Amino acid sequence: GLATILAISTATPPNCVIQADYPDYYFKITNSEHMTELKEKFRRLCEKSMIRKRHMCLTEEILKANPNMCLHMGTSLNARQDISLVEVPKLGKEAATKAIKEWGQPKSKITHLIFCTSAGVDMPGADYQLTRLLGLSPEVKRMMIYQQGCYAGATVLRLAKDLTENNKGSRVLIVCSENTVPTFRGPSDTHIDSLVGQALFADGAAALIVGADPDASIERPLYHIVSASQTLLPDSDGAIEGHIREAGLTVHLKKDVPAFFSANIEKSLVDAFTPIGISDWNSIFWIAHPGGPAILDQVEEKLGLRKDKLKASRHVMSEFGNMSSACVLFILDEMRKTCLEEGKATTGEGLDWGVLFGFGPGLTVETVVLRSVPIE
C-alpha cells in the first residue's frame, strides 16, 4: 500500500490583485512612475506572465504603513517578519481546517505534520503555531521545511511518502503556506530580475492529508505517490539565489533558468518512467510548477507535449500566480476536481500514470511519479 493522497484544500488572502492593473499600481505605490522605460519593461513582464490575478495579504494599506518595504533595499526585515509569521500559520490553518473536514476523520488521527514555507522563519516555527491552532495531539511528529523555495511542493510529498509508508496506520497533514510579504520591494534598474519576481509571486496556502493503506469505507484516495526523486542541474550554480537580509528576502535570477529546466527535464523523466516502461511523455498526466511561463513553454517545446498537457498547471498559474511551494498542490486540487465534474475515467485527466515537477534553487528538479485513481 503506497502513500495515498486522501484530501486536498486551498486558501488565499481576500485581497485580489488584477494583473492588468498591477504595473500602474506598483509604480504608483513604489513612487517610481518616472522610470517610464522600466515601467514599460515591467508592463511587458506582467502581460507575458500569463497571470490574470494574484492574491496578496500585503495590501496598499499595509504598504503605506511600511514605506521601507516599498524601497528596493529598505531596512524592513522586522516589519515583514511581524506580518508574515502571523500570516503563514493563519492562512495555513484555513486550508488545513477544510482539508480535515473533507477527509472526514477526527484531527486526533493525524499522526504527522509537515509544514512548509519560504515566507519567514521563527523559533518555534509555523509547525508549532499551526499545531496549537488546529489543536492536534501534542505527540504529532512534525517536520518543518523552511526556505526550500519553489520545488518544495514536491519535497513535501517526497517527505510524506516515507513518513507514511514506514509508519503503519499513520496520517500526515501537509501544509504549504506562502506569501510575498518578505519579497515585495520597489524596482531597481541595477536589479531588473527583481521585477521578474514582482510580476509573478503570489500568496496561497495548500493542505493535504497523505496516508498509506487507506480505509475503503471512510476515506477516498485521489492519487498514489509512487516514487520521488531529486537532482541538481549541471552547470546551474547561481541561477536562482535568495538571501534573507536586513531588507527581507532578496531574490536574484538568471535569464536562462528557463533554458536549464527544459534542457534537463527529460533526464528526470527518463530516470523516473523508463524502469516503469513508460517512454511517451504525452501518455501521462502533468503537474508542473508554473515558476514562469518561460519554464513551462520551453518544456512543452523541448519534449513535444500536446497543447493541453499543461492545462491545469497554466490554469492555476493565471488564476493565482507563483505561490512557490503551494502551486503544484493547488494544481492537483484543480485537476482532481475538474476531472470529476467533466467525468473523466481517472483523476489523472483520464490517464493512469502522472508526473509532478518542482523547480527551484540549486537548480533543483523534484520528480514525483503519481498514479491516478478511477472516477465514479
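Numbering starts at 1 and follows the sequence shown. Only the largest set of C-alpha atoms that superpose within 1.5 Å between the two forms is called the rigid core.
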{"query": "Larger mean CA deviation from the shown form in 5 other deposited structures of this protein [core fit; 289 to 297 vs 153 to 161]", "finding": "289 to 297"}
{"query": "Divergent stretch in 5 other deposited structures of this protein, 210 to 218 or 249 to 257 [C-alpha RMS, superposed by the core]", "finding": "249 to 257"}
{"query": "188 to 196 set against 162 to 170, stretch whose average Cα temperature factor tops the other in the entry", "finding": "188 to 196"}
{"query": "Between the two ranges 43 to 51 and 325 to 333, the one averaging a larger CA B factor in the entry", "finding": "43 to 51"}
{"query": "Deposited CA B-factor, highest of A216, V88, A154, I244", "finding": "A216"}
{"query": "Among modelled residues of the same chain, the CA temperature factor third for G125", "finding": "lowest"}
{"query": "Chain-relative CA temperature factor third for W353", "finding": "middle"}
{"query": "Relative C-alpha B-factor of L363, binned into the chain's lowest, middle or highest third", "finding": "lowest"}
{"query": "Entry-reported Cα temperature factor of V373, expressed as the chain third it lands in", "finding": "highest"}
{"query": "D297, C-alpha B-factor rank within chain (lowest, middle or highest third)", "finding": "highest"}
